[PDB]
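Here the structure is laid out as structure tokens; the discussion comes afterwards.
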Protein chains: 2
Amino acid sequence: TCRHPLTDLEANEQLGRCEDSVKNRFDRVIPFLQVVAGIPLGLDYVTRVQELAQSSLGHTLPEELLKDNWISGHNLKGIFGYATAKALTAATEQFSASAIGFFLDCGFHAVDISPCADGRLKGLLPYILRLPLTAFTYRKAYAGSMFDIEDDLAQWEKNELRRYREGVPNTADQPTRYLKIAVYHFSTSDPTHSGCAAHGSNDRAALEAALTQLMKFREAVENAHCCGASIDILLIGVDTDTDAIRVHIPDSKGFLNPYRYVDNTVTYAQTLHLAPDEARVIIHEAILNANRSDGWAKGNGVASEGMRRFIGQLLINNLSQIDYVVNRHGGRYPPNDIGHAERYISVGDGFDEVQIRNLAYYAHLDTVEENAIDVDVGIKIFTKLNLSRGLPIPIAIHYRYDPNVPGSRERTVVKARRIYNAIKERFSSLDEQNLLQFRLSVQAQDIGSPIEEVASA
Amino acid sequence: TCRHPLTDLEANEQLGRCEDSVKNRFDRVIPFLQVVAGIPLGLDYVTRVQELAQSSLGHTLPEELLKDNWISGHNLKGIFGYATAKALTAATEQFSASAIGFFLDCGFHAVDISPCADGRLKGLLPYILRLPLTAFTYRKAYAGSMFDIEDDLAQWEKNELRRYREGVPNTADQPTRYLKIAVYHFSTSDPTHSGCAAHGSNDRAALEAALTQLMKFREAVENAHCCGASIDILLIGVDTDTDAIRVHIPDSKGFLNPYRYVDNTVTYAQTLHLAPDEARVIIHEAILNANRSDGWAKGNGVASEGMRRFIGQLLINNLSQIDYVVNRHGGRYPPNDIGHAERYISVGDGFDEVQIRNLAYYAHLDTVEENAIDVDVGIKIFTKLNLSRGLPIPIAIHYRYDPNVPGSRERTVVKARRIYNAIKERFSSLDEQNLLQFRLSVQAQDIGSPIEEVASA
Ligand SMILES: [Zn+2]
Ligand SMILES: [Zn+2]
């Protein structure tokens, strides 16, 4: 078990430290609750619980959570909800140009990544791809990578208008394109149970669904606008057991083949014992041989220089993540980490500060009526994850708003409260048992904006 | 307080030991639960509860019963259900030719006893009558001794066919008959409250109901078959306070008089100070004087030699039980033992291994729809017995199947699950509060067959 020459050691250590700290903050709540349940409800109950909470979780608890526990029993569910919300707040607060130039040199003025809403793909940008979130990098996760065409088209139009009017990334005459990346996931160890649940854990079904959505988006962009407007499409598959990516190389015209791809597992295997420059040569030629391969991978021409450079950089970055997983877990995630191990249900736009693998179940929705199935899937997952142990389900309803648009924050807060009430009236049996805990938050759309808590009522 | 010369001392000691052990196994659960309720739900709750259970009940508990008790509170109801099921299993496991010859010498090839479903009559065979359960001795208990004519006729036909084809008890030409015994019960101390609840605690009502059912069965056998096919009928009353039987002596033609009977209390009183052979002479003549008495006991002729010998043996056997009660409780059962003191509700065919007085409430039924009133009576009894103390009601659904018939075991298991679900949907308020605990079991119809637990779902 040696180290790859291209591994980013200090970045790996930093990422591991952040992951460990956040997961520990979320996980230490349960032992504290178990200790609390053994404290008699005497006259010293409140003081003892408060000092124990200060010693364990680093914060105290509101007296309303403990004031009437002597007559109403231990308020373990309320303490759990409060502690989970505090852990999420602490994680976000603790988290809180070169990428644009690199994208421009590769021939793109904007990169749009649409991975699956699976929790195992949450850390796709900071861990698997090592791509920072910039003003021109977007991450819109959907269930089964089934991203919506209309909003992507609107984003494309907005970016093109910005290029035409101000040329913020670059002037409109530059021959750069809009890059849309679709990410599917699969499990090598358990293909039939640990795959994409949106497609019945069928690897090829997820692959073809993502490819079809990419093709539909490209054709919609072509149809909606004239003068030969077009976009570039990229397809990436992630093995959730080893966090290794296979990138489907487009041909000269940009079409993607489900069989023409570069797999980073064999690349890591065959570049382990070489030297940095030689490994870079290896991946540079390997992209070419994969793109020029025949048979089922028959492709017309070869991909552009920018495409190949971008894919090579992606593979080099993913090598560090493969090495990170090998170091931390001996080459494969533990059996508990292979499946669902989420700590809370994220509803709305999600958090850009806690992009950690298998931390939360994300349900991209603006209305419960439109995407109820995501909420039901999350509740079903947490029924086994949490309700089996008797713990309540924590739900963070987070939304982003644009401060430039007048009245946007109030509308966003109203939307958050509406979502909270809709999730309340559904699963009303779980509500009556206090098995659902909520926290509502809003944030400005700018990167690094503070997160503001809002009252549930 | 001296001992009757005909008392079976070692048999009495053995029976008392078994009764004490079984009742202690069932009764020691509650103090253990009360001790458990005082254990704080700390980190040592599971270990302490398990070691206490091992020390007290002789067995441990599944972790699922205690794993989430810290957040859901003490699972006293679940532990109660599990411990009661384990006690029943232990009692059955601990329990697990001459009689046929004696029956044949008395002129019967099969004996069928149909006592009331009252719990105080549960130990009628091993204690009150000292009659072992053989391949030709049957015990079908019904509420109010209201045994069903059709199944008795079917059993008679099966036995007669076996005699004709193989002659297993004896050849068909032998002048033996099928003996049907009906047992009613009454209370001397509290006639109006501790009598047969199926007849409003009216002694004469129970007597005439049992006599009418016996007459109906005899006439049905006579009508259904020609060549003068007939059966012998016997009527027995049991005083639940002293476990003493009065046997109604049939006349020469087999008819029974509600007033012509031999009472074993006066027999025990008048045979206490004599010697064995003299006491046997006394009961032999006493049968004759009772059968030859006039007035309201006017009967045509005298009973046969086999009938009188059988009745004399029954009285001699019941003398030992009278002596047993006198020894253990000073001549009468304690006031708590006079009424209802059952530990669980037996539904189905009952257990032949725990035939102990006042141990369980038995509800002979194959469908809740047909005999719902028995279930309601049992639930009403246990509402005062158990629900007053806050304990749940334990219910053992036990059924017997014939392994010779293909597919019988699966059908029996399906029937048990159907009965369990039907009892669940009724009394749904008790179900939601976890006040009903169930255990489902099946057993082969052969005597001594193992009891197999089945899953509730
Ligand atoms: Zn998925
Ligand atoms: Zn009765």
Using the 7 Å Cα-to-Cβ label point, sort the distances from A:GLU425 to its equivalents in the other copies shortest first and give them in nm to one decimal. 3.1
Once A:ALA275 and A:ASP151 are pulled to full extension, the length gained, defined as 0.36 nm per residue separation minus their Cα-Cα distance, is 40.2 nm
Could you list the square roots of 5 times each eigenvalue of the Cα gyration tensor of segment A:226-350, that is, the equivalent ellipsoid semi-axes, sorted largest first and rounded to whole Å? 28, 22, 13
What are the residues whose amide H is under 5 Å from the amide H of A:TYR344, where those residues sit 5 or more places off or on another chain and H is modelled from the backbone? A:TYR361
As a test of the formula, what do you get for chain B when each DSSP H run with n ≥ 4 contributes -39,500 (n - 2.57) and the sum is divided by the residue count, at 222 nm and rounded to the nearest 500 deg cm²/dmol? -14000 deg cm²/dmol
Zone residues, segment A:57-74, relative to A:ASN434, backbone N less than 11 Å from point 7 Å out along Cα-to-Cβ: A:65-74
Ranking request for peptides B:430-436, A:418-424: highest mean number of other beta-carbon atoms within 10 Å first, then the rest in descending order. A:418-424, B:430-436
To the nearest whole number, what is the average tally of beta carbon atoms from other chains within 10 Å of the beta carbons of peptide A:387-395? 2
In the structure shown, of A:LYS122/B:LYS77; A:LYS380/B:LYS384; B:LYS77/B:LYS122, the pairs separated by more than 32 angstrom at the C-alpha atoms are A:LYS122/B:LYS77; A:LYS380/B:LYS384
In what sequence, highest mean first, do A:24-33, B:351-360 appear when ranked by Cβ atoms within 10 angstrom? B:351-360, A:24-33
Quickly work out the B:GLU453-to-A:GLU305 label distance, labels modelled 7 Å from Cα along the C-beta direction, and quote it in nm with one decimal. 7.5 nm
Given bins 10 angstrom wide, list per bin the percent of all Cα-Cα distances in segment A:102-260, short to long. 10, 40, 35, 12, 2, 0
What share of the DSSP beta bridges in the protein assembly as shown is antiparallel, in percent to the nearest 5? 25 percent
What list of ³J(HN,Hα) values in whole Hz, one per residue of segment A:209-218 in order, does the Karplus curve 6.51 cos²θ - 1.76 cosθ + 1.60 (θ = phi - 60°) give from phi, with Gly and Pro shown as x? 5, 5, 5, 5, 5, 4, 5, 4, 5, 4
Need one number for segment B:59-191: average projected area of the convex hull over its C-alpha atoms, nm². 13.5 nm²
Where Rh denotes the Kirkwood radius from the mean inverse Cα pair distance, what is Rg over Rh for segment B:365-457? 1.01
Evaluate peptide A:68-77: per residue, the Cβ atoms of other protein chains within 10 Å of its Cβ; return the mean as an integer. 1
From other protein chains only, count the Cβ atoms within 10 Å of every residue's Cβ in A:31-43, then give the mean. 3
Cα Rg over Rh - segment B:299-412, Kirkwood: 1.10
Residues with amide H under 5 Å from that of B:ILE233, placed H, sequence gap 5 or more: B:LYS180
Rounded to the nearest 5, what % of DSSP beta bridges with both residues in segment A:126-263 are antiparallel? 50 percent
When N is the residue count of segment B:132-213, what does its C-alpha Rg come to as a fraction of 2.2 N^0.38 Å? 1.41
Paired Rg and Dmax values of segment B:113-172, which use every Cα atom, in angstrom: 13.7, 39
B:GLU51 and A:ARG3 label points (each 7 Å along its Cα→Cβ direction) are spaced in nm at 4.8 nm
per DSSP, antiparallel bridges as share of beta bridges in chain A, % nearest 5, sits at 25 percent
Using per-residue counts of other Cβ atoms within 10 Å, averaged over each peptide, order B:123-129, B:448-454 from highest down. B:123-129, B:448-454
Say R0 is 60 Å: what FRET efficiency, to the nearest 0.05, do A:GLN445 and B:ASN336 get from their beta-carbon distance? 0.20
Rounded to whole Å and sorted largest first, list the principal axis extents of the Cα atoms in segment B:1-101. 62, 36, 19
Please state, rounded to one decimal and in Å, the Kirkwood hydrodynamic radius that the protein assembly as shown gives when every pair of distinct Cα atoms enters the mean of 1/r. 34.6 Å
Tell me, rounded to the nearest percent, the portion of alpha carbon pairs in chain B spaced more than 42 Å apart. 19 percent
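Only the coordinates and a few stated rules stand behind these numbers; no lab work does. Every residue, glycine among them, receives a Cβ derived from its backbone with ideal geometry; neighbour counts consider all protein chains shown.
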